[PDB]
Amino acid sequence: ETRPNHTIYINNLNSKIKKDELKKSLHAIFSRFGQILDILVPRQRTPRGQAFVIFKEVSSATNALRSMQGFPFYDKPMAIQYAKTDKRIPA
């Protein structure tokens, strides 16, 4: 169960890409949709090609999810969903 929120969850990412470059590249491509609060690439026991992009506005997440769904990124089609739980930290 997911519903629109600030955070998109991306997998099927190319796991050979260095994490720093991956973050820069995700930021460059997804910043077009709106301001990004953070990009998380969680460390796991093995590389699994997963990341979260946290937008400042939900509409940005909505349009990013629609527009980039299945779009090639480093030669792999992105699989995007809304995050099950918003990663936004509104403190």
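The first residue of the shown sequence is 1; numbering continues from there.
When the C-alpha B-factors of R48, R43, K56, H27 are read from the PDB record, the largest value belongs to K56.
For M78, the recorded CA temperature factor ranks within the middle third of the chain's modelled residues. Among the modelled residues of its chain, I17 has a C-alpha B-factor that falls in the highest third, as given in the PDB entry.
The PDB entry assigns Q35 a C-alpha temperature factor belonging to the highest third of its chain's modelled residues.
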